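Data block below; observations after.
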Amino acid sequence: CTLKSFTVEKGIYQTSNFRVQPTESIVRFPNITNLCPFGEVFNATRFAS
Amino acid sequence: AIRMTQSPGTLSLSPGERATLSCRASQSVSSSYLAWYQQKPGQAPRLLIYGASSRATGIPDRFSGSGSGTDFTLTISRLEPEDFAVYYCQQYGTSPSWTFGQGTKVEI
Ligand SMILES: *[C@@H]1O[C@H](CO)[C@@H](O)[C@H](O)[C@H]1NC(C)=O
């Protein structure tokens, strides 16, 4: 397929690339224990000028 | 632990007058996290004010909230036959640490 031919002559042909695929996914976020106070911004009684 | 107290202990007024209830905090409480509830006997608390100045859905405009720091105020401009029930002030937040007042009773 790389040579686009059904006959292959004697030689060495680079046909593809090899890649070790990942095994699993890792997530590392900071150890945070607070909720963002978005209520007092989006739910304020009076927005500023 | 913040302590929320209410004044007066019992408020006696006639219908059509002006009612003012005060909530005192042992510390400085953010005005964004103060609520006012009205509870008639035999019922669940009804949220009147949140954010210390915003009225819940269906609340008559005769109720108003104000204040900051340690002093917060719930003002009823014109008492009505339905506006005579217990009143609580609550301090809350985005953290699991809330507090309630001891209750102020408005009577005829
Ligand atoms: C994250 O913090 C909590 C305390 O807030 C602690 O109990 C927990 O062990 C911490 N976790 C890590 C991975 O540091």
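Each chain of the structure tokens is named A, B, ... in the order shown, its residues numbered from 1; ligands are numbered from 1 in display order.
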**Request:** For ligand 1, collect every residue having any atom at a distance of at most 10 Å from a ligand atom (counting only C-alpha atoms and all ligand atoms); output as a ChimeraX atom specification.
**Result:** /A:28-34
**Prompt:** Which residues, written as number ranges by chain, have at least one atom at most 12 Å from stretch 12-20 of chain A, with only C-alpha atoms counted and residues fewer than 3 positions away on the same chain left out?
**Reply:** A: 1-4, 8-9, 23
For the residues in the current selection, export C-alpha atoms as a compact mmCIF listing (two decimals), in the first residue's frame.
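Saved file selection39.txt follows:
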# COMPACT_ATOMS: atom_id res chain seq x y z
CA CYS A 1 0.00 0.00 0.00
CA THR A 2 2.86 2.41 0.74
CA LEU A 3 4.40 1.66 -2.66
CA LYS A 4 0.94 1.72 -4.31
CA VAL A 8 7.56 -5.27 -4.19
CA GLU A 9 11.21 -5.33 -5.23
CA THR A 23 -2.58 2.86 28.85
Compile the residues of chain B that lie within 7 Å of chain A, evaluated using only C-alpha atoms, and express the compilation as a PDB file with N, CA and C atoms, in the first residue's frame.
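Wrote it out as out-v6.pdb, contents follow:
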ATOM      1  N   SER B  32     -23.876  39.434  51.863  1.00  0.00           N
ATOM      2  CA  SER B  32     -24.374  38.554  50.815  1.00  0.00           C
ATOM      3  C   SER B  32     -24.968  37.271  51.372  1.00  0.00           C
ATOM      4  N   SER B  53     -30.879  41.783  51.273  1.00  0.00           N
ATOM      5  CA  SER B  53     -31.693  42.829  50.668  1.00  0.00           C
ATOM      6  C   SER B  53     -32.590  42.357  49.532  1.00  0.00           C
ATOM      7  N   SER B  54     -32.622  41.067  49.212  1.00  0.00           N
ATOM      8  CA  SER B  54     -33.383  40.560  48.078  1.00  0.00           C
ATOM      9  C   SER B  54     -34.579  39.759  48.569  1.00  0.00           C
ATOM     10  N   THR B  94     -20.918  29.781  51.561  1.00  0.00           N
ATOM     11  CA  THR B  94     -20.528  28.679  50.696  1.00  0.00           C
ATOM     12  C   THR B  94     -19.752  27.606  51.447  1.00  0.00           C
TER      13      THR B  94
END
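Checking B:85, B:69, B:91, B:6 one by one against residue B:42, counting only C-alpha atoms, you find the shortest gap at B:85.
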**Request:** Using backbone DSSP assignments, extract all alpha helix (DSSP H) residues from chain A; output them as a list in words.
**Result:**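 DSSP on the backbone gives alpha helix (DSSP H) at residues 39, 40, 41 and 42 of chain A.
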**Prompt:** Which residues in chain B does DSSP call strand (DSSP E)? List them as a VMD selection string.
**Reply:** chain B and resid 4 to 7 10 to 12 19 to 25 34 to 39 46 to 50 54 to 55 63 to 68 71 to 76 86 to 91 99 to 100 104 to 107
**Item:** Interatomic distance (Å, one decimal) between atom CA of residue B:75 and atom CA of residue B:26
**Value:**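 Taking atom CA of residue B:75 as the start and atom CA of residue B:26 as the end point, the length is 21.3 Å.
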**Item:** d(atom CA of residue B:28, atom CA of residue A:42) in Å
**Value:**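 Atom CA of residue A:42 lies at a distance of 22.4 Å from atom CA of residue B:28.
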**Message:** Residues within 6 Å of stretch 12-20 of chain B, please, as a list in words. Count only C-alpha atoms; anything in the same chain fewer than 5 positions from it doesn't count.
**Reply:** residues 74, 75, 76, 77, 78, 79, 80, 106, 107 and 108 of chain B
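Atom pair atom CA of residue B:68 / atom CA of residue B:52: separated by 8.3 Å.
When only C-alpha atoms are used to measure the gap to residue B:5, the shortest distance among B:86, B:56, B:49, B:21 belongs to B:21.
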**Message:** Give me the residues near residue B:104 as a PyMOL selection string, where near means some atom within 6 Å (using only C-alpha atoms) and where sequence neighbours in that chain fewer than 3 positions away do not count.
**Reply:** chain B and resi 9-10+86-87
